[PDB]
């Protein structure tokens, strides 16, 4: 069976490398830009929900979040319903930088799709949505500590 997993991994790493270089002077490198984007779009989100959105590990997310906090791009607010799980908000500075991250992503997205007809783009997006769903279930299964048969 044909493999997509290696190409997906390379594309994703290449995109993050490029973003990290382009945000290097703005305290948004080392992959931090991904967190700020989701936090701007989901103001007040708790960290465990963010982690589930991103499908990343807790320790990696924690490192990135505290660094964004240190650099004044996000702030943690009191959660009256659960003291342990603080609410994540962007700061004013974080919101002012958000459109730059989106623009940079849009530019890379246009580069990635160079030479595609509109017809090719639409099946690629729906197929990726399908791929995402197939693996999300196994991600959740395995994250809960259950073991796969492989």
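Residue numbers count along the first chain shown, from 1.
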Should the higher mean CA B-factor in the entry be assigned to 52-60 or to 92-100?
-> 52-60
Select between 117-125 and 78-86 the stretch whose C-alpha atoms have the higher average B-factor in the entry.
-> 117-125
Sorting the chain's CA B-factors, does residue 135 end up in the lowest, middle or highest third?
-> highest
Name the third of the chain's ranked CA B-factors that contains residue 70, choosing lowest, middle or highest.
-> highest
